[PDB]
*Asks:* 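Here it is: the structure, laid out below.
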Amino acid sequence: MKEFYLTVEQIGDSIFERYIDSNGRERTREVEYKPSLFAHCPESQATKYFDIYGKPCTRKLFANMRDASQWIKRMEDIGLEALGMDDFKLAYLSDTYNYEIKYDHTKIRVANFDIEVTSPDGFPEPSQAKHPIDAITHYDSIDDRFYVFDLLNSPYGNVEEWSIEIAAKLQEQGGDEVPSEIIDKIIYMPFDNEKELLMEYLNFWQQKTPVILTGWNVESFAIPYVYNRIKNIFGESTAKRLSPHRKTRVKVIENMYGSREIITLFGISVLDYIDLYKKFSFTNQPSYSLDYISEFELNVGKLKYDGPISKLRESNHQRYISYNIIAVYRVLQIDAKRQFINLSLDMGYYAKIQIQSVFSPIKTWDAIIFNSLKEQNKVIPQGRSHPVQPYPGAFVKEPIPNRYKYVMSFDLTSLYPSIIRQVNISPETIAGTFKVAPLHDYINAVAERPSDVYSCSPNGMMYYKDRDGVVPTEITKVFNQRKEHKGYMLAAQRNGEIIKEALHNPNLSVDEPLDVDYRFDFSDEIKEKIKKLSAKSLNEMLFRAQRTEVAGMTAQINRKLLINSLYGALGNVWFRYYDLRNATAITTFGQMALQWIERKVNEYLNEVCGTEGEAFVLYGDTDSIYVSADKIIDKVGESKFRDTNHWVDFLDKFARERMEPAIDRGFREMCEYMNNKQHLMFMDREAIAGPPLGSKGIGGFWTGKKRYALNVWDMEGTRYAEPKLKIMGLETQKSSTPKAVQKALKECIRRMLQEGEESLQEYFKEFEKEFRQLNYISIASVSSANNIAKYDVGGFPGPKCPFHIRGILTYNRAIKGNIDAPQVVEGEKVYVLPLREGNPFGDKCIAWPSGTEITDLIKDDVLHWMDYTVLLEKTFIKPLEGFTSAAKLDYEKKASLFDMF
DNA sequence: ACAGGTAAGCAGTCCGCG
DNA sequence: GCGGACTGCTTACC
Ligand SMILES: Cc1cn([C@H]2C[C@H](O)[C@@H](COP(=O)(O)OP(=O)(O)OP(=O)(O)O)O2)c(=O)[nH]c1=O
Ligand SMILES: [Ca+2]
Ligand SMILES: [Ca+2]
Ligand SMILES: [Ca+2]
Ligand SMILES: [Ca+2]
């Protein structure tokens, strides 16, 4: 089979590669890569290498990478450009693998692990590595086994071996409840002492050397600690065994009152799962502990136990080890669902970069663009330095705060990416410029046509319509990929709504779920069978459908992230092809396009409907417009409408039959105006919102820019079984507003849109009345803790000290001394609560690490001095007042005027 | 260093106000 | 004895 790399590193004048050969065996080699750079030369001297702009270049082979590095320096010490790929690692791959890489993941060794360290002291700082490692669970994807390393003897207590039979029993039977599906894949290994533990671990690591190393927070804790622990004991010569090439690099970076350590192991690709989740999950969590995340993604338990984790191993060792095995497993479950590793490999092998580089859009695209240029024998430009500069972006229409019964939305596809393709924007397709007229002239189709021969943009740039352009081309490949995966996703969504509509006929029968591929729209034969299935079989299918959707989502939203990131890279000084002229061409064209079609859409509707000068487009943001469909329902009036689904199907057809075509002709015209390479401004219908038939609900409302809510019935072709709320920017969508309030505010909104003002007040009085009995954790607000020290001023708030920071300082003060209470980590999330006058803490609020309960020491005080009144006003009432106010409505009734009656 | 701009809402301060 | 006019900090929408 076609070969493919595993990892690659540059060490001195050599390149170290681990790869899979034609036979599927993992090999390693050390190459004295002879790099090759370029320099401009006289037009006469002819060759095959030309820079992206069409200039001749002479190629220079170098004895070794070191000589090529010194040549780039000498070249700058002179003032001449030094073209070519300066990152010799990438050049090496590009050379070694000149073909679309087809890899086999079953050959890639993905390791997953977690360790435990008892510490009565406090949190075992990896830099110090003072306490012993008493447990290690390491899962190997090739062997598909959990290798468990237990330390039975330690200065913190000796314990009896772990029992796998006990781990398997249910909690309720005094067991640990370790999943059945992995009990057989566990290899338990007890040890008399730490040295033998650590020593046996390293030999294991030698035999099963990880290619991809993942885990939860593994990069900032596990790895560092196991490195420094092995260092402080056997010496840095042994510790370096963790690297297959015996080479490590330790970067420091210490805070104002803390020491953090960054270890890099050459020959291994570390993908901390928390970093993968932060970048690809598209979520913003109140806490990032595995428990919180595990519950959010899998709906599993809280992994409970009694006492501090510091005393867990000593009092219930059986559970301690079982909990360590389960934690490692939970990450596997989350990944089996989100599939971030697969995504990483896909992106990695597509661009020919180190796998750990998928975190860098700039690196990713540099390699993609590079490889694409190599094929046409072109030479890439040299990276230059630039000063940062602000530049304009998208346009956002100021909405009129109010309610909106029926609303319909429209939106363009991969906007910026499409704009790049339509105008043919790229570092080498620049033709020139043109005197520009105020932006509103082009919108109003009044300004003179910029060019008759070139592709143009309202910002004054012109691009060749004839040529190709590596960016436009390379950006189209990834875009087509997204197209596909988005297809499978939306299908899984639709198939999913069917199963829900079917959960209304739960047939009293014993079954087994159908065997279908949820990536495709269910066929009639299937749609036929499902109607007869049981609530049991239907649910498993719903579950499988949703897991298919999530998998699709991951695949699609992240390819979208990538292409949108190429646009951003154009606006970043570190990008080899940085250029504000191109970035601005994109955003400016966007501002024009959005408003251009606003003018248009407002015409065709004022025309058709009949009225004149009536604003149908009530809002818009970057590439979307929300059109009011009241008059479109008025010209027919609530009449020939049997049930809600009636007019929803009505509007669906109106947009799909009339509105859209109009829009297509509106953008086709603009493409002509700007004389662009090709028309790709495709704007289709999005959401259809409004209240249920004959309801007291307002259907929707806006309060300001980026702040609105709508009761949607159909979204991009999916007809929900139950109306789904679409809220944007309101408190309900923010991680900082307490969970109880998000849930409560969302119910108020739901009642406010689906039902009338009566249901809202009814629920408002109810909530206000019960608010006091909610758990403290669910009514606490959340916030990140940045620059704590900065406003320290010796344990007290400083100048302009932030509420959450303040609340932290009061915390460290209430636990000051007894080093055992969890310390708030600089840069993490924290729960925050307001304290009434007279509290023993000496302040109006207190803060503590999120995803946790406050230390049992101060917990009862804070519970007693909680200012429920401020919490209700600030987090609930104030924002509620915002929604109802803008929507012309009241939550707490009003002066009946008929009072005394 | 390591995709980008737009915009809202909360507090903290400072300053005008019989 | 605050109101609002800025400013710093968060976090969401594109
Ligand atoms: C979400 C997002 C958008 N944008 C820009 C580029 C986008 O094309 C534009 C509009 O964003 P979106 O409408 O969110 O997305 P999209 O147009 O790219 O694609 P689609 O709706 O088909 O999924 O805003 C970014 O630069 N970065 C981002 O992270
Ligand atoms: Ca743990
Ligand atoms: Ca879009
Ligand atoms: Ca769409
Ligand atoms: Ca959009």
Side-chain angles (χ1 to χ4, degrees), chain A residues 87 275 279 282-286 353-354 356-366 383 385-399 401 411-412 414-417 475 557 560-580 582-584 586-588 590-591 594 619-625 702-708 726-737 781-788 790-791 797-807 827 829-830 832 834 844-845 870 873-875 878-879 881-883 886:
Chain A
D87 187 326
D275 295 320
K279 199 199 188 187
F282 282 89
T283 63
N284 193 325
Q285 308 289 12
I353 64 186
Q354 293 178 78
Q356 65 264 43
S357 279
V358 293
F359 285 113
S360 175
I362 287 188
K363 237 293 148 42
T364 304
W365 285 103
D366 196 36
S385 60
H386 303 98
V388 179
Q389 297 176 62
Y391 69 93
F395 167 76
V396 176
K397 179 179 186 54
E398 183 76 71
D411 163 279
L412 299 67
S414 281
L415 187 64
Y416 287 23
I475 216 186
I557 201 171
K560 166 177 167 175
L561 168 67
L562 188 63
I563 60 183
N564 278 176
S565 285
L566 170 53
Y567 145 64
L570 291 163
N572 184 294
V573 307
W574 292 100
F575 191 43
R576 180 194 305 278
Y577 310 90
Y578 162 80
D579 197 330
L580 263 35
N582 287 336
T584 296
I586 296 173
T587 60
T588 310
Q591 276 199 21
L594 185 264
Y619 174 78
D621 186 359
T622 307
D623 62 349
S624 292
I625 53 169
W702 260 261
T703 72
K705 293 175 170 183
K706 319 272 205 171
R707 288 171 104 288
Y708 61 99
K726 222 270 186 170
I727 314 176
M728 249 56 222
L730 303 185
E731 340 307 292
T732 56
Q733 307 315 98
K734 296 201 176 180
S735 49
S736 48
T737 123
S781 54
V782 195
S783 183
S784 291
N786 295 162
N787 303 162
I788 305 174
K790 169 180 177 176
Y791 311 79
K800 187 149 183 182
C801 176
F803 197 63
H804 61 284
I805 303 302
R806 164 184 292 284
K829 293 298 177 74
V830 303
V832 186
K844 48 174 169 55
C845 68
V870 163
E873 149 64 292
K874 274 172 48 175
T875 73
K878 218 295 180 63
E881 214 301 326
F883 313 159

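Throughout, a chain's letter reflects where its sequence line sits, starting with A, and its residues are numbered from 1.
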*Asks:* Tell me what A:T587 touches on the nucleic acid: a base, only sugar-phosphate, or nothing, going by heavy atoms under 4.0 Å.
*Replies:*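 Since no nucleic acid heavy atom lies under 4.0 Å of A:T587, the category is nothing.
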*Asks:* My understanding is that only one of A:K874, A:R707, A:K878 makes a salt bridge (charged side-chain N to carboxylate O under 4.0 Å, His left out) with A:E731; could you say which?
*Replies:*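 That would be A:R707; it is the only one of A:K874, A:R707, A:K878 passing the salt bridge (charged side-chain N to carboxylate O under 4.0 Å, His left out) with A:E731.
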*Asks:* Taking only the side-chain nitrogens and oxygens of A:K734, find out if one of them lies under 4.0 Å from OP1 or OP2 of B:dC10.
*Replies:*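 Result: no.
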*Asks:* Consider the side chain of A:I362, meaning its heavy atoms from C-beta on, and name the nucleotide among B:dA3, B:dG12, C:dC9 that approaches it most closely.
*Replies:*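 Closest nucleotide to the A:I362 side chain: B:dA3.
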*Asks:* Distance check: side-chain N/O of A:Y791 vs OP1/OP2 of C:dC9, anything under 4.0 Å?
*Replies:*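 Looking at the OP1 and OP2 atoms of C:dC9, one of them is under 4.0 Å from a side-chain N or O of A:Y791.
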*Asks:* Describe the nucleic acid contact of A:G568 in one word from base, sugar-phosphate, nothing, applying a heavy-atom distance below 4.0 Å.
*Replies:*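 If one applies the 4.0 Å heavy-atom cut-off, A:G568 turns out to touch a base.
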*Asks:* Checking all strands, does A:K279 fall into the base, sugar-phosphate, or nothing category for heavy-atom contacts under 4.0 angstrom?
*Replies:*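 A:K279: no heavy atom of the nucleic acid under 4.0 Å.
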*Asks:* May I ask you to say what A:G798 touches in the nucleic acid, namely base, sugar-phosphate or nothing, with a heavy-atom cut-off under 4.0 Å?
*Replies:*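 Result for A:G798 = sugar-phosphate.
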*Asks:* Any side-chain N or O of A:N572 under 4.0 Å from OP1/OP2 of B:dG4?
*Replies:*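 Affirmative; the distance criterion is met.
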*Asks:* Around atom NZ of A:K279, are there more than 12 heavy atoms of other residues, nucleotides or ligands at under 6.0 Å?
*Replies:*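 Yes, because the 6.0 Å sphere around NZ of A:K279 holds more than 12 heavy atoms from other groups.
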*Asks:* At under 4.0 Å, does any side-chain N or O of A:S784 touch on OP1 or OP2 of C:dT11?
*Replies:*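 Yes, A:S784 has a side-chain N/O under 4.0 Å of OP1/OP2 on C:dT11.
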*Asks:* Name the closest nucleotide to the A:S735 side chain, picking from C:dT11, B:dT6, B:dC2.
*Replies:*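 Nearest to the side-chain atoms of A:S735, counting from C-beta on, is C:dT11.
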*Asks:* Counting only side-chain nitrogens and oxygens, does A:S360 get under 4.0 Å of the OP1 or OP2 atom of B:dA3?
*Replies:*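 Checking A:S360 against B:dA3: at least one side-chain N or O falls below 4.0 Å of OP1 or OP2.
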*Asks:* With the side chain of A:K705 defined as its heavy atoms from C-beta on, choose the nearest nucleotide among B:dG12, B:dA8, C:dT11.
*Replies:*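 Per side-chain heavy atoms of A:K705, the pick is B:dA8.
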*Asks:* Name the nucleic acid region contacted by A:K790, choosing base, sugar-phosphate or nothing; use a 4.0 angstrom heavy-atom cut-off, strictly under.
*Replies:*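 Touches sugar-phosphate only.
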*Asks:* Checking all strands, does A:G729 fall into the base, sugar-phosphate, or nothing category for heavy-atom contacts under 4.0 angstrom?
*Replies:*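 Touches sugar-phosphate only.
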*Asks:* Considering every strand and a 4.0 Å limit on heavy-atom distances, what is the contact class for A:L562: base, sugar-phosphate, or nothing?
*Replies:*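 If one applies the 4.0 Å heavy-atom cut-off, A:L562 turns out to touch nothing in the nucleic acid.
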*Asks:* Taking only the side-chain nitrogens and oxygens of A:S565, find out if one of them lies under 4.0 Å from OP1 or OP2 of B:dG4.
*Replies:*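 Checking A:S565 against B:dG4: no side-chain N or O falls below 4.0 Å of OP1 or OP2.
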*Asks:* So, is A:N284 near the phosphate of C:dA12, with a side-chain N or O under 4.0 Å from OP1 or OP2?
*Replies:*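 Yes, because at least one side-chain N or O of A:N284 sits under 4.0 Å from OP1 or OP2 of C:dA12.
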*Asks:* Name the one of A:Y416, A:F575, A:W365, A:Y577 that satisfies ring pair (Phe, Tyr, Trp, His ring centres under 6.0 Å) with A:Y567?
*Replies:*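 Going through the options one by one, the only one that passes is A:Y416.
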*Asks:* Counting side-chain heavy atoms from C-beta on, which of B:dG9, C:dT11, B:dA3 comes nearest to A:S736?
*Replies:*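 So the nucleotide nearest the side chain must be C:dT11.
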*Asks:* Taking the nucleotide of DNA chain C with the closest heavy atom to each, which residue, A:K800 or A:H804, is nearer the 5' end?
*Replies:*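 Closest to the 5' end, via its nearest nucleotide, is A:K800.
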*Asks:* A:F282 near the nucleic acid: base, sugar-phosphate alone, or nothing, with a heavy-atom cut-off under 4.0 Å?
*Replies:*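 No contact.
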*Asks:* Does A:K878 make a side-chain N or O approach to OP1 or OP2 of B:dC10 shorter than 4.0 Å?
*Replies:*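 For A:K878, the contact criterion (side-chain N or O under 4.0 Å from OP1 or OP2 of B:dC10) is met.
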*Asks:* Hey, does the side chain of A:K874 come within less than 4.0 Å of B:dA11's phosphate (OP1/OP2), counting only N and O?
*Replies:*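 For A:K874, the contact criterion (side-chain N or O under 4.0 Å from OP1 or OP2 of B:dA11) is met.
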*Asks:* From the options B:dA3, B:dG12, B:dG9, select the nucleotide whose nearest atom is closest to the side chain of A:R806.
*Replies:*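 When the side chain of A:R806 is considered, B:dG12 is the closest of B:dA3, B:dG12, B:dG9.
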*Asks:* The side chain of A:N786 is closest to which nucleotide in this list: C:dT10, C:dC9, C:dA12?
*Replies:*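 The answer is C:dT10.
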